[PDB]
Asks: 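Sharing a structure with you now.
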Amino acid sequence: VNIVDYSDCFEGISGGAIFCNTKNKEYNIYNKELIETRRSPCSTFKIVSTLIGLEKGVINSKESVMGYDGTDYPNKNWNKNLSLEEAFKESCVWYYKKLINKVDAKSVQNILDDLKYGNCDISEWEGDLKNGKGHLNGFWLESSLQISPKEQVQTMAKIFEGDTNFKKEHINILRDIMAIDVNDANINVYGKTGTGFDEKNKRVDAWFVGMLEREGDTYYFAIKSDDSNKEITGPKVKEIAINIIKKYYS
Ligand SMILES: *C(=O)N1C[C@H](NOS(=O)(=O)O)CC[C@H]1C(N)=O
């Protein structure tokens, strides 16, 4: 466990980072207090909810559809019968809500328990209804389920090192749809952003969680901001994460 200073890449934004290489067990941690604090995963939960849907047969491939019903949404790309790959990349809320609501709560509870997914608290299945957004809510979106960045990395490692019971075919679907382009062919980066606002503490929950492969070595990582500035989003923290990867992990 090495405590590190990535503050220059955070460019004044409050947050922390954790990178873990499980081959040689090198844990690099910036802002240890934050990295151990549990928070809502927000859209980073799509990593796990995709695998749940595949395991239960609700979806089957990166082409799989969820039966769009014509409801009007402000995001153009949500207004179509999109595939799993597109719903993941466009963070289509209705697709992932419909997917998870086809799965019984005990199945979800047991999978989260097996993954040690934070507090594994799905008690508020419906999510944070007081924000007025109705069915565009769920237990993983600023609601009962909370996970620390360190726990995110531990879960990512267990999934992608093949240490869970999820099918390899399903892991590979997730890998494909998580891959991102960082304009450096010499590293393979995979990840997912998340964005929420913590109304109790007046702070954002801005996430980028994923993994990095660079010549035999793999790092699992979670970058997280808790800034009070509402302008700080998941996509912004992904930029920060990319800067760290290029500076220290290339
Ligand atoms: C996930 O955190 N969400 C879904 C969507 N995309 O977020 S992302 O750009 O950080 O991946 C909008 C924000 C958030 C939500 N409000 O549900």
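Whatever order the structure lists ligands and atoms in, that order sets their numbers, starting from 1. Side-chain atoms are counted along with the backbone in the values below, which use heavy atoms only and exclude waters and symmetry mates. Along the sequence shown, residues are numbered consecutively beginning with 1.
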Asks: Looking at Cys42, which atoms of ligand 1 are within less than 4.0 Å of one of its heavy atoms?
Replies: 2 (O)

Asks: Output the list of atoms in ligand 1 that are nearer than 4.0 Å to some heavy atom of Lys192, sorted by atom number.
Replies: 11 (O)

Asks: Do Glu239 and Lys236 meet the salt-bridge criterion of a basic N to acidic O distance under 4.0 Å?
Replies: yes

Asks: Quick one: does atom 5 (C) of ligand 1 have a protein heavy atom under 4.0 Å from it?
Replies: yes

Asks: Under 4.0 Å from a heavy atom of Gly194: give me the atoms of ligand 1 that qualify, with their elements.
Replies: 2 (O), 10 (O)

Asks: Tell me whether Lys98 at atom NZ has more than 12 heavy atoms from other residues, nucleotides or ligands lying less than 6.0 Å away.
Replies: yes

Asks: Give me the residue, atom name and distance of the protein heavy atom closest to atom 15 (C) of ligand 1.
Replies: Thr195 O, 4.0 Å

Asks: Please list, in number order, the atoms of ligand 1 under 4.0 Å from a heavy atom of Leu141.
Replies: 17 (O)

Asks: If you have a sec, work out which protein heavy atom is nearest atom 1 (C) of ligand 1 and how many Å separate them, to one decimal?
Replies: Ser43 OG, 1.4 Å

Asks: Please collect all salt bridge (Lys or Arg N to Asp or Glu O under 4.0 Å) contacts where either partner lies in residues 144-161, sequence neighbours excluded, each pair once.
Replies: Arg38-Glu151

Asks: Around atom NZ of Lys80, are there more than 12 heavy atoms from other residues, nucleotides or ligands closer than 6.0 Å?
Replies: yes

Asks: Could you tell me whether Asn165 atom CG has more than 12 heavy atoms of other residues or ligands within 6.0 Å of it?
Replies: no

Asks: Test of understanding: with salt bridge (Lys or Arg N to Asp or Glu O under 4.0 Å), list the residues that count as partners of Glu26, not counting sequence neighbours.
Replies: none

Asks: Give the residue, atom name and distance (to 0.1 Å) of the protein heavy atom nearest atom 11 (O) of ligand 1.
Replies: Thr193 OG1, 2.5 Å

